[PDB]
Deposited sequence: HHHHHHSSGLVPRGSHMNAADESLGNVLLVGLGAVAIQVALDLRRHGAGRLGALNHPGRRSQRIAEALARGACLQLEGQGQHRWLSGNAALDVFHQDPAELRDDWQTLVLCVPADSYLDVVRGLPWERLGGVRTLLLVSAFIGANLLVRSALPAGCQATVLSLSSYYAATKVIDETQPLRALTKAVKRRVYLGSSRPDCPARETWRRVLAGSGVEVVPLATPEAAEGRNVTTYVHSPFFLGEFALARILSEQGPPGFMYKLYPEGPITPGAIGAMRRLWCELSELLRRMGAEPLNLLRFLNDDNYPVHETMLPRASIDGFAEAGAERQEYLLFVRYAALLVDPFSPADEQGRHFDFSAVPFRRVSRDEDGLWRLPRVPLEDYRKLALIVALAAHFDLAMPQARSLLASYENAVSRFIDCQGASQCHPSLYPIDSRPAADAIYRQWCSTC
């Protein structure tokens, strides 16, 4: 079924996936992670006899478990044609690099390649990069299915999952793909429902971070906090001035959802009901805050009501309404996630965190792809311009010499490869 499974990227996502794969019965389980301090620490832990450990936080404690890794490679030169499934647990903005870098001459036996956090066009981009006559099926999971992080970077094999989604979606480059059911079962082991959809793009159209991170973390407030060294970092999911959520950001969310929905229609995929997707598939609120009739009717409700409902949705989740109250009546503050900020790497160069660099790169690629379908996407373009102007001013102030080149891009080549692949 899954045969021997190679995990590409061994970070927080991979450890959760490894636990679900070992429950199911991979066969051999290996991992590849490019050189660096993390891979060094992993090789050291593995050589010490360490195993992967997943802790579930609070409600999720029942997830907790340990999983053995059979082999770990930080050097593709030692890979052999032993692998039937590849699972990409790297950042989604690196899929193209990572796929180009695999030694496909020694991977003819690969039958399936799973993208754990896909975005519109990712399946096609990955297939554009495969060698001729590669017969691996490429699977797109709509979103990573939990919230997981490596708590202590010096114990790189221990991760903590603090949330699990209710539902995600899975598409495949192979029509009526049988691997979808396999992965349905693997993810079911952690309580998430996988819904198979007919094409990759339908599933990719349900990537939550594209819809949420784009309006909230490419705007002025988020960028100001992220690109700062001194002030308070602020909070990713709180209201202004503690966090980035404002009526303006909600209006960007709505308008971007409309643009992405039209792109999906032009690629033959059914768009989603954004409010019902957030509430039912990701995390709910009470009927008192969002009535069922309002959730189900959201797509026909009219722009003012749509924005009102989205704002309510996020305001209602400043605390967890389903957590127990303390004696004062307070509920758990789970909008208190700090923004990660710029930091210097081991060469002394400023680097951006994945929020927003991955978010920008994904949206920039989507915008470039949309041009091929004659779609201007002005709200997306405005969010890209907001990021570009902010990062530009940070380079102005800090000095280009001090900045990693990832802060300096052209998405049109990759978008052209995607469109050509789509047109084959």
**Message:** List the gaps, meaning deposited-sequence segments with no CA coordinates, ordered along the sequence.
**Reply:** 1 to 22, 431, 448 to 449
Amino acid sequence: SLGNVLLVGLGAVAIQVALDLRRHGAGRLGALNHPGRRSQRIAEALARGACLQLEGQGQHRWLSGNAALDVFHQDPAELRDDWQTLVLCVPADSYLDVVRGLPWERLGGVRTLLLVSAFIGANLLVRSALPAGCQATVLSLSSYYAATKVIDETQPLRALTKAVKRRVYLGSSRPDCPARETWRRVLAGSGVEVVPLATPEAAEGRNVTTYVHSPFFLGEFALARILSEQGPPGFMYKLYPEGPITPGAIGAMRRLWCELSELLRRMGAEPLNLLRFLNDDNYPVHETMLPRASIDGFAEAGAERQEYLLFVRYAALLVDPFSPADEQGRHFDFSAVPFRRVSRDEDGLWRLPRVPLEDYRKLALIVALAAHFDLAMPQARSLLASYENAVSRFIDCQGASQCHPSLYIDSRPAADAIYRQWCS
From here on, numbers count along this sequence of modelled residues.
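Rigid core here is just the name for the largest C-alpha set that superposes within 1.5 Å across the two forms.
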**Request:** After fitting on the rigid core, pick out whichever of 240 to 248 or 70 to 78 shows the bigger RMS C-alpha deviation in 4 other deposited structures of this protein.
**Result:** 70 to 78
**Message:** Between 159 to 167 and 266 to 274, which one shows the bigger average Cα displacement from this form in 4 other deposited structures of this protein once the rigid core is aligned?
**Reply:** 159 to 167
**Asked** Looking only at CA atoms, which has the higher mean B factor in the entry: 395 to 403 or 55 to 63?
**Response** 55 to 63
**Fill in**
With B-factors read from the PDB entry, the higher C-alpha mean of 235 to 243 and 75 to 83 is in 75 to 83
**Asked** Which one of 135, 279, 173, 209 shows the biggest C-alpha B-factor in the PDB entry?
**Response** 135
**Fill in**
Listed options 167, 185, 100, 158: highest C-alpha B factor recorded at 158
**Message:** For the chain shown, is the CA B-factor of residue 287 in the lowest, middle or highest third of its modelled residues?
**Reply:** lowest
**Asked** Ranked by Cα temperature factor within the chain, is residue 350 in the lowest third, the middle third or the highest third?
**Response** lowest
**Request:** Taking the values exactly as deposited, rank residue 220 by C-alpha B-factor within its chain and report the matching third: lowest, middle or highest.
**Result:** middle
**Prompt:** Mind checking which third residue 299 falls in for C-alpha B-factor across the chain?
**Reply:** highest
**Prompt:** How does residue 265 rank on Cα B-factor within its chain, lowest, middle or highest third?
**Reply:** lowest
